[PDB]
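Read off the chains here:
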Amino acid sequence: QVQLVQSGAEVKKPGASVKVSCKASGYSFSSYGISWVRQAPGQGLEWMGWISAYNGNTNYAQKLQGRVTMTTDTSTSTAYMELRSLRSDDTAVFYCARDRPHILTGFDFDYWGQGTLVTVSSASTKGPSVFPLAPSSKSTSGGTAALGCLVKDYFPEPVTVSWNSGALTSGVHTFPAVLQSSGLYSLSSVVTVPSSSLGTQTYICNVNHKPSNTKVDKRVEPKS
Amino acid sequence: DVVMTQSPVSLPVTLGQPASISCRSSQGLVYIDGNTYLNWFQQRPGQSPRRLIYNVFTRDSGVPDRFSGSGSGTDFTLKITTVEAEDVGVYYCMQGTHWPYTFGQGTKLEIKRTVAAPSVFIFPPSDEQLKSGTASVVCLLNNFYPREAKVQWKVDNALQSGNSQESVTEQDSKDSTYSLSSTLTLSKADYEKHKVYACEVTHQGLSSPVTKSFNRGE
Amino acid sequence: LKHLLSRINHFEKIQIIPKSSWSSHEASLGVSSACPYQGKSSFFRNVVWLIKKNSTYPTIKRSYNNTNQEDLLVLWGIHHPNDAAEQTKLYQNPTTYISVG
Amino acid sequence: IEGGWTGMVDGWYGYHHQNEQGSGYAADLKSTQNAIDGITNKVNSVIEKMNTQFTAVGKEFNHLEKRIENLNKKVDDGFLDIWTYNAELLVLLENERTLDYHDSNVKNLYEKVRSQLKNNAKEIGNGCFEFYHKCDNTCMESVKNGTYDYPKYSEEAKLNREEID
Amino acid sequence: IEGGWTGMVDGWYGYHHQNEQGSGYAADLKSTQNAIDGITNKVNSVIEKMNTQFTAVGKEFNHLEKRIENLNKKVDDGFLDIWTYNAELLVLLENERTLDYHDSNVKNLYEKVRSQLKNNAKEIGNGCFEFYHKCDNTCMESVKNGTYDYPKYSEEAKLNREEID
Amino acid sequence: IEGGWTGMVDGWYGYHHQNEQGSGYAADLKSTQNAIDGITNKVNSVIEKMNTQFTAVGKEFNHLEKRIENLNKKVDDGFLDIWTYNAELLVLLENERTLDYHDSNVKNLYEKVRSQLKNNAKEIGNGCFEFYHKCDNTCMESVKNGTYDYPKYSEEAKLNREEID
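Numbers on residues come from counting from 1 along each chain's written sequence, not from the entry itself, and any residue without coordinates is not displayed. Chain A is the first chain written and ligand 1 is the first ligand written, with later ones labelled in order. Shown here is not the whole assembly but part of a larger one, and the values apply to the part shown. Side-chain figures throughout are based on the complete set of non-hydrogen atoms in the structure, without hydrogens or water.

For this entry, the PDB record names X-ray crystallography as the structure determination method and reports a resolution of 3.59 Å.

### Side note on the overall build of chain B
Basically, it comes down to this: The helix count covers DSSP runs of H or I at least four residues long, the strand count covers runs of E at least two residues long, and both are numbered beginning at the N terminus. With a 1.4 Å probe rolled over the protein chains alone, any residue whose accessible area is under 20% of its type maximum counts as buried; one over 50% counts as exposed, and the rest are partly exposed. When checking whether two residues touch, look at their non-hydrogen atoms; a contact exists if any pair is within 4.5 Å. Under the convention used here, a 1.4 Å probe and the Shrake-Rupley method define accessible areas, while residue burial counts only the protein chains that appear. Neither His nor the chain ends is counted toward charge; the positive residues are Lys and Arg and the negative residues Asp and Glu. To locate a charge, the coordinates of NZ of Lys, CZ of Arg, CG of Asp or CD of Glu are taken.
Regarding its fold elements, chain B presents two helices and 16 strands. When its C-alpha atoms are laid out on the principal axes, chain B stretches across 75 × 35 × 30 Å. When each of the 218 residues of chain B is scored for burial, the buried share is 48%. Considering only contacts in chain B between residues 6 or more positions apart, those separated by 24 or more positions represent 53%. Here chain B displays about 10100 Å² of accessible surface, and carbon together with sulfur accounts for 51% of that area. Here chain B contributes 20 positively and 21 negatively charged side chains, and the mean placements of these two sets differ by 2 Å.

### Regarding the overall build of chain C
We count it as follows: The reference for a compact globule is 2.2 Å times residues^0.38; the radius of gyration itself is calculated from the C-alpha atoms.
If you tally the helices and strands in chain C, you get three helices and two strands. Helices and strands in chain C line up, N terminus first, as α-α-β-β-α. By the compact-globule yardstick of 13 Å for 101 residues, chain C is too spread out, its C-alpha radius of gyration being 16 Å. Going through the 101 residues of chain C one by one, you find that 13% of them count as buried. When contacts within chain C are restricted to residue pairs at least 6 apart in sequence, long-range pairs at least 24 apart make up 54% of them.

### Some words on the interface of chain D and chain A
Here is the rule we go by: Here the quantity called buried area is the total loss of accessible area, with a 1.4 Å probe, experienced by two parts when brought into contact, counted for both. Within this document, salt bridges are pairs made up of a side-chain nitrogen of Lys or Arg and a carboxyl oxygen of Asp or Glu, the two lying within 4 Å of each other. Definition of a polar contact: a pair of N or O atoms within 3.5 Å, with one able to donate and the other able to accept a hydrogen when the atoms are protein atoms, and with sequence-neighbouring residues admitted only if both atoms are side-chain atoms.
Between chain D and chain A, the contact holds nine residues from the first and seven residues from the second. The contact between chain D and chain A buries some 760 Å² in all, and 58% of this surface belongs to carbon and sulfur atoms. At the boundary of chain D and chain A, one finds zero salt bridges. Run the count over chain D and chain A and you get three residue pairs in polar contact.

### Some points on the packing of helix α1 (residues 29-47) of chain E against helix α3 (residues 83-117) of chain E
All names here are of chain E. Heads up, the condition is: Orientation is described by axes fitted as lines to C-alpha atoms, over the contacting stretch for helices, and by angles from 0 to 180 degrees between their N-to-C directions. Note that the term roughly parallel is reserved for angles under 35 degrees, roughly antiparallel for angles over 145, roughly perpendicular for angles of 65 to 115, and oblique for everything else. Just so you know the grouping, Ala, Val, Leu, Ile, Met, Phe, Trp, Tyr, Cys and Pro go in nonpolar, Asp, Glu, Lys and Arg go in charged, and all remaining residues, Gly too, go in polar.
Here α1 crosses α3 at 170°, and the two axes come no closer than 12 Å. One finds that α1 runs roughly antiparallel with respect to α3. Two secondary-structure elements touch here, α1 through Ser-31, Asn-34, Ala-35, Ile-39, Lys-42 and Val-46 and α3 through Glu-94, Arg-97, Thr-98, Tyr-101, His-102, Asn-105 and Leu-109. Of the residues in the contact of α1 with α3, the class split is five nonpolar, five polar and three charged.

### Examining the pairing of strand β5 (residues 45-51) of chain A
For a regular strand, side-chain orientation follows a simple rule: the groups alternate between the two sheet faces. All names here are of chain A. Defined as follows: The criterion for strand pairing is that DSSP finds at least two bridges linking the strands in question.
Of all seven residues in β5, six are buried; the element is thus mostly enclosed. In terms of strand pairing, strand β4 (residues 33-39) meets β5 through six bridges, oriented antiparallel. Following the sheet pairing, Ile-34 is matched in β5 by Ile-51. Hairpin connection, β4 to β5: the antiparallel pair is bridged by five residues, and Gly-42 has positive phi, about 40°.

### Points about the environment of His63(D)
Residue placement: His63(D) occurs in the loop between α1 (29-47) and α2 (68-79). When the C-alpha atoms of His63(D) and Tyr110(D) are compared, they prove to be 72 Å apart, with 47 residues separating the residues in sequence.

### Focus: the sheet that holds strand β13 (residues 186-193) of chain A
All names here are of chain A. One open sheet holds the three strands; their spatial order is β10-β11-β13, and the pairing between them is antiparallel. At either end of the open sheet lies a strand with only one pairing partner, and these are β10 (129-132) and β13. Strand-to-strand twist in this sheet, taken as the mean axis angle between neighbours without regard to direction, amounts to 15°. Pairing of strand β11 (residues 145-152) with β13 involves eight bridges; the strand directions are antiparallel. Residue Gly-148 lies in a different strand from β13, and its bridge partner there is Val-190.

### Concerning the interface of chain A and chain B
Taken together, the 45 residues of chain A in the interface contact 42 residues of chain B. Where chain A packs against chain B, one counts two salt bridges. Put simply, the parts of the chain that give the side of chain A that touches chain B at least two residues each are β4, β5, β8 (92-99), β10, β11, β13 and β15 (214-219) of chain A.

### Let's talk about the sheet that holds strand β6 (residues 68-73) of chain A
Residue and element names in this part refer to chain A. Spatial strand order, β1-β3-β7-β6: four strands in an open sheet with antiparallel pairing. Sheet topology places β1 (4-6) and β6 at the edges, where each strand pairs with a single neighbour. Mean inter-strand twist for the sheet, computed between neighbouring axes without regard to direction, equals 20°. Where β1 meets strand β3 (residues 18-24), three bridges bridge the pair, whose relative direction is antiparallel. Bridged to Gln-6 within β3 is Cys-22.

### What about the side chain of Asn57(A)?
With respect to the helices and strands, the residue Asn57(A) is situated in the loop between β5 and β6. Setting aside residues up to four positions removed in sequence, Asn57(A) forms contacts with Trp50(A), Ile51(A), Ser52(A), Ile103(A) and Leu29(D).

### Concerning the pattern of salt bridges
All told, the structure shown has 38 salt bridges over all chains when counted by the stated rule. Put simply, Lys193(B) and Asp190(B) hold a salt bridge, and the shortest N to O gap is 3.4 Å. Remark: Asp190(B) and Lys193(B) occur in helix α2 (residues 188-193); sequence separation between them is three residues, near one turn of the helix. Linking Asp76(F) and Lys74(E) is a salt bridge whose minimum nitrogen-to-oxygen distance equals 3.4 Å. Here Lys74(E) lies in helix α2 (residues 68-79) and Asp76(F) lies in helix α2 (residues 68-79), a pairing that spans two chains.

### What about the packing of aromatic side chains?
Just so we agree on the cut-off: What counts as a ring pair is set by centres within 6.5 Å for rings of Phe, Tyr and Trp (its six-membered ring), and what kind of pair is set by the plane angle: stacked under 30 degrees, edge-to-face over 60, tilted for all other angles. Geometrically, a charge over a ring is one whose NZ (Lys) or CZ (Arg) sits within 6 Å of the ring centre while staying within 35 degrees of the ring normal.
As enumerated under the stated definition, the model contains 34 aromatic pairs over all chains in all. Each ring, one from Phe109(A) and one from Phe41(B), has its centre 6.3 Å from the other, and the planes form 65°; the classification is edge-to-face. Pair noted here: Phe109(A) is in the loop between β8 and β9 (116-120) and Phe41(B) is in strand β4 (residues 41-43), and the two residues belong to different chains. Seen in terms of ring centroids, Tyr110(F) and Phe129(F) are 5.4 Å apart; in terms of plane orientation they differ by 45°. Their pairing is tilted. Of the two residues, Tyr110(F) is situated in helix α3 (residues 83-117) and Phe129(F) in strand β4 (residues 128-131); the sequence distance between them amounts to 19 residues. Through a chain of ring-to-ring contacts, the aromatic side chains of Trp47(A), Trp50(A), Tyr95(A), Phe107(A), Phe109(A), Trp112(A), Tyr31(B), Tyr37(B), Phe41(B), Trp99(B), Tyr101(B) and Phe103(B) assemble into a single cluster. Seen from the ring of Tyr80(A), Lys19(A) lies directly overhead, with NZ or CZ sitting 5.0 Å from the centre.

### A look at the state of the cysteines
Quick note on the threshold: We call a pair of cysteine sulfur atoms a disulfide when they lie within 2.5 Å.
Evaluation of the coordinates by the stated rule reveals six disulfides over all chains. Two residues share a disulfide in this structure: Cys22(A) and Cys96(A), whose sulfurs sit 2.0 Å from each other. On the sign convention where negative is left-handed, the bridge of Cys22(A) and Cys96(A), at about 85° about the S-S bond, is right-handed. A residue pair is termed long-range when its members are at least 10 positions apart, and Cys22(A) in strand β3 and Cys96(A) in strand β8 qualify at 74 residues. Two residues share a disulfide in this structure: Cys135(D) and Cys139(D), whose sulfurs sit 2.3 Å from each other. As the torsion about the S-S bond is roughly -105°, the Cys135(D)-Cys139(D) disulfide counts as left-handed. Residue classification places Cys139(D) among the buried positions, given a relative accessible area of 1%. With no disulfide of its own, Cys128(F) lies closest to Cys135(F) among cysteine sulfurs, the gap being 14 Å.

### Description of unusual backbone geometry
A positive phi angle, close to 40°, is found at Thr82(B), a residue other than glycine. By the element assignment, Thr82(B) lies in the loop between β7 (75-80) and β8 (90-92). Residue classification places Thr82(B) among the partly exposed positions, given a relative accessible area of 39%. We note that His63(F) has phi near 65°; this positive angle belongs to a residue other than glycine. The class for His63(F) is exposed, based on a relative accessible area of 76%.

### Some details on the arrangement of the chains
Ranking the seven pairs of chains in contact by contact count places chains A and B at the top. Contact between chain A and chain C is absent, and the least distance between their C-alpha atoms amounts to 41 Å. If you take every C-alpha in chain B and every C-alpha in chain C, the smallest gap between them is 22 Å, and the two do not touch.

### Comments concerning the side chain of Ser142(E)
Residue and element names in this part refer to chain E. With respect to the helices, strands and loops of the structure, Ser-142 is situated in helix α4 (residues 137-144). Assessed through its relative accessible area of 14%, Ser-142 is described here as buried. Polar contacts involving the side chain of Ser-142 include one to the main-chain carbonyl oxygen of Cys-139, which spans 2.5 Å. Look past the residues within four positions of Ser-142 in its chain and what remains in contact with it is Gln-116, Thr-147 and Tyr-148.

As structure tokens, then:
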């Protein structure tokens, strides 16, 4: 039924062409159209374009008309969005949605796709530098001593943090990454465990930066 | 061009409190077909957007009766009775019949409306990163009703702005309770220049601002 | 009045005047042919069908102040007989008036 | 053009291209889209009816023959059955204007193709252009896109006419 | 058909049959009768004007400038010259609708005879069908009654075309 | 006649005479002048709008809810936006009537020249009469003045037809 499979996450430098693909199936592709939507990082939803598989009726948004080029492969029932010129401002995640083909008919974004995020900055991939935290002042000893690791200095966005062989389940509040002003990233992953179990409970941040495959098992030590 | 103005951007609710979201258009949104076109969308955080009301008065197959699209003239509304927990998230108006398709701005929902009780913490930098060159200190706020606590930074009693960065979690499903992690990153030089790094946390649950000093040598 | 009601959602009754006021110089409300309350001939409950006392119906003057800080829809009526006997029996002075202010 | 096209379900105004390669129904994008924009704006603007304000207006005889009631009654009853009639007229009016607008767009497109093709084709049938020469798929696009060029195919077409002349 | 027929005094829409035997003016019965029914109903229905009720309405200044008089005056004077204009429009409206209805019935009958005859005749003149073959008096009735049959006279007609072809 | 004439700046309806001697644009005097008289009278008569008299009408609530004000208010506000709409319709109405009047005068003149010339010429182009014989400058005047005579040029024209026949 509902299957709008978007392409894989893509990373480029400003001024290079980007190509996103949304392959569709599990539902009749009777010329039904496809439109593409962009959500700036944690910001609004901006419609970018629409293409009718029935025809070649593209409607690129005034703002972005020259760069954007859209195509459809009816044989594979796959749509494609291509931004010829890239900008640091363009860095965002892109989304797909079905649309009705006939202009006479209205519109139906009934099915939506998996968000392909696209990053655009002049920075190469870098492995993260994991650094631990400690309950120096014992924090709220009578409550929960807090322990964290800092995953920093890395350029692609996808990161997966496993706490104590991922076994750690509650207490973990991994935080959203913030672009370091120099173009890098910084995650903070913290846990709240009562100060009773200082040495008994083991604390290990098992992080991996999938695009660079930096699988690193970091040590959390309770320096007070 | 079309302008979709969403009146109630910030909408905290309490479970079971029918609340409404208003979308107002610049021009009428009827089309040659005959039907209006304001299919409301909901993007539950972490998930991709979903459709609710087809046209202006048509619930979608997998949509709870609680969700109800309404409105006839430029001013349309969306009222959900028994506001539940998956109901929380961001919502957008639908693109106008004009080809300029306009989603408009967003409206966020809250789980309930309790008061704040944050557990503030601070984390001095381990010597490991203190050797790489970067020196960063994290202030932690575990739970309270809003998403902001004005964590301001005082280096040797000097407010530090810009060098700070704040990241925010979502309402814990168990209990509406956002968490914060303001970080201030600086060079080794500034770390060695100034021993004392007091923050300052400020929000509703606290009648007294809490600053945790955390000097360089402990 | 209907359009007045088209802008009213809630009413609350109040006792503007009592029956003691008119017992003092009048006679309690009587009945209505084929108009029992449920099973005993009666009258409207919000208005007083005043009658003369011992063939003595004097000119009666009274007034009320919305002391209550709220609008108060107040209602009265006038009896239009068809015979002079009817008036004489129900109201002794035959030349009458109801002066409202 | 006295016959409608069922195959042209993409847009109102369209062309039925026929080449040695095949035959299809291609709608004209600019004509349909611009017309749709204008018709939609007509519809939404016509909706504006802006009835008179709700001036909280009611009176009655007040037992003293205050016909203000029967006056205000007529006034509202007379504003309706007058505005309603007037509105029925505006519907009928706009209805025709959309219909003749449609016929005008038809004739404008037919003049467009006549202007480009000139004597490189025969006007035959109900709005059909029989090419003396062979308009390739691209050439068919060029006529549609308004980028058709008479000279390239001119001489070939001219000799064909003279053959049947 | 740009010319009226004076000889067709029986009904509006008619056919002028011409056979080897002779020439006559026969009106189409169903077209005229159905059209007469619709036009008559339009006429009687249009008559319904349903003026506002006689609400026993008059007032005057009463020597105290009770303009209710000049209000009620205008109200009646304004309802007329508005309804009258509006009624003039409805007359003009219905007038055209009857006229174009008539033209439509004409064209519908011409398509009826075209559909039956097909290529067994030539479209010549102002709505005249020259039969290649000889349509007998009955055959003329069959075309009129809608019971005309192409095949019987088809082959004869075809050979005649080929003779002048 | 689907094309306008810029050279005919003297009058609306005109003829483009062409003789062996030359070619000119002569407007028909009676048609233009009579039409101008009728159109001008339509314009001045339409102007008559005769608004209701200034009946010195105003009232207000008088602190006792004398809605005569909101009544008289609506009455004036309702007479306008009704008369205005109604007037917009009358403009549109007269507009079309002038336009179709113009088209009718065109067709009347074309029938005039057809009636005089009959089979002494060919109907060719968009309202052009190709004379089989040679209509002299006077002869061109005679057609214009309605004084054209078929017989004089008849036999000459007939032989020319038979030559191309």
